[PDB]
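To begin, one chain is listed below as C-alpha cells, in the form deposited in one PDB entry.
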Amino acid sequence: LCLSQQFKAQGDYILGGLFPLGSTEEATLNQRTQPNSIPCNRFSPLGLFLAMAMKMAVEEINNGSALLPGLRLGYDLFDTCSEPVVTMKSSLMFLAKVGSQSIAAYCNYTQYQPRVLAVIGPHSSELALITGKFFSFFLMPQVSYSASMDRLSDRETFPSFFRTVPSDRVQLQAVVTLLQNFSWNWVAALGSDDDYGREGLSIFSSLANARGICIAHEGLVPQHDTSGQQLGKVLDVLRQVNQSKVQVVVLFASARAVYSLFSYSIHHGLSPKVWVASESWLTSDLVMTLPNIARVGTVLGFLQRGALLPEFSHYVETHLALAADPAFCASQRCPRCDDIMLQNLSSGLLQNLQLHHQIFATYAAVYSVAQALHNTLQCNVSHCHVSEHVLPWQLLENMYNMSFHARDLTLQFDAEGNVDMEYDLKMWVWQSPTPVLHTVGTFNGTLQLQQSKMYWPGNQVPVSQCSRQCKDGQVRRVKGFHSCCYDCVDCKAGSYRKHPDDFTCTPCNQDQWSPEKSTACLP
C-alpha cells in the first residue's frame, strides 16, 4: 500500500501533526539502556481516521477560495506512538531550521526560523502537557483535539496551547449546576486513579465549595482488580457511601472502573442511588449490558453535542482504495501502517463510530490554523499579503481574538485557549428492556431542563440534603470532607442548651429541672 507516503504534501506553508498512528508492544517498554530509537512495530486504527480527517480539511481548504486564496497549504504528519521519547523526537523535528537537520540554542526565540507553521496536537493529555511545555517556549501555536485537562488552561506555563474541545472544568460546571437545580446539597464524589480522575475530584471539590455544596466524602477508586488490595477497598468506599447516608454520587471515571464498582454494588444489593458520572461512563456498552444493572437506581450525564461531516467515511474508503491501487502507487510517516488490510478496518469501525467527535475536532483544528493565517496575511477576497514569510509566533497574536467556521458551526478561542461548546443532558431510561439514553435537557452555560421527560424510580424526585445551621435548642456536629454541613441533636430533657453557639449540652441541678430543648434550668 501507498498509505505511509500519503501523509505528506507540499505547500507555501506547512502544518505539523501528532497522531496516534502507531504503537509498540510491551517488550519495548523496558527501561532503556542506550539512546536507540523506538521500534513502533504495529498499526493503529483510530489514528488513521484522525490523519484522514486532517487531510480532508486541508484538501478542502486548498480546493476552495473561502480561505488563503492563491497559496497552497501543506502538511507533515508524525506518529506519537503513545511514547514520550518518540513524541519528543517528532516534536523536536518541527522546530529545526528551515530545510535543515538541526536546532539552534538561543537565549530567546522571537528571532528564529522553524520549519512548520503550527502543530495539530497530540491525542493523550499527558503527551499534551509534555509537548506543550516545550512548544510554548518557542511560542509555536499548538491546536489539540482531545486533551481536556484544566492544567493546560493556565497561560503562564502554556502561552501557546489551544484546543478545539471543551475542558473538564465546563463539564463539571454543568454537573454542579445540575446538583444546584435539584437541591442535591449533600453528595459523595469519586474519581479514577489516573490524572483524569485526580483532576476530576480536585475540580469538583473546588467548585462545590465555591458554590455551597458539601461533599460527604472524597474518593480515589481503582481502575480494576489488578492486585489483591483492589478487590477490597471498593467495598470500604461503598461502606462510606452507606454510612454518610448520601443519595447522590458524582463519579468522574472511565467505564471499566465504574463497571467494577457497579458489579460490586450489584453483588450486595446496596440501594437505588443517583449516579451523575461522566460521559466516558455514560457511553460505554460494557456497563449497560450488566443484566442486573436496573438496581443501580438512576443514571444522569452530560454528553457533548457536535456537527456531522458525512463525506468522511466515503473519503476514507476512497483513499484506502487509492492506497491499494498499484496505478496510484506508481505515481516513512508511519512504519508498518501498510501491512493491514482495508476491509476489516473500514467496514468494522465506520459502522460503529465518542470517536466521531474527534473527527470534527480534528477537522475544526485545521480550520482554526488556516483561518489564523488567513487573518495574519490580511487576505482580501482576491489576494493575500504574503510579500514576507510569516513566523509561528505571529499567528499566536491573532488566534486569541479570531472566530472560525466549521461545517456551519462557528467557534472561537477564549482568553485561556478553550472553545466554548454545549451539551445534552441524557438520562438512562430502562422501562424498556433495552436501556435507552434519552435527552432531558441542555447546557449552554446555564442548565435548561425538560422536567416532564425524567422518570425517577419511585416517580418522585430523589433528595440528599444537610442542615447548614441548627436551630436554637439544638447541638451542632460538623460533618463533611471540608467541615461544611451540620447535623443537629435535640438536647435531651434534664439537660439544656448552654448557650446559642455551643457544641454541647449542660446538666441541670438536683433541685431543678429542664424541658427538652430548653436553654435554662428551672424550678
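Quick note: we count residues from 1 along the sequence shown, nothing fancier. C-alpha atoms forming the largest set that superposes within 1.5 Å between two forms make up the rigid core.
- Unmodelled deposited residues between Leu353 and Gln354: 1 to 3, per the record.
- Unmodelled stretch separating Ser331 from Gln332: 10 or more residues (count of deposited-sequence residues without coordinates).
Quick note: we don't show the form deposited in another entry, though the next part is all about it.
- Here the two forms are overlaid on the core, and between this form and the one not shown the C-alpha of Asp225 is the only one among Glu397, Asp154, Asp225, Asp414 to shift by 2 Å or more.
- Relative to the superposed core, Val489 shifts its CA atom by 2 Å or more between this form and the one not shown.
- In this overlay on the rigid core, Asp502 has a C-alpha that sits 2 Å or more away from its partner position between this form and the one not shown.
- In this overlay on the rigid core, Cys107 has a C-alpha that sits 2 Å or more away from its partner position between this form and the one not shown.
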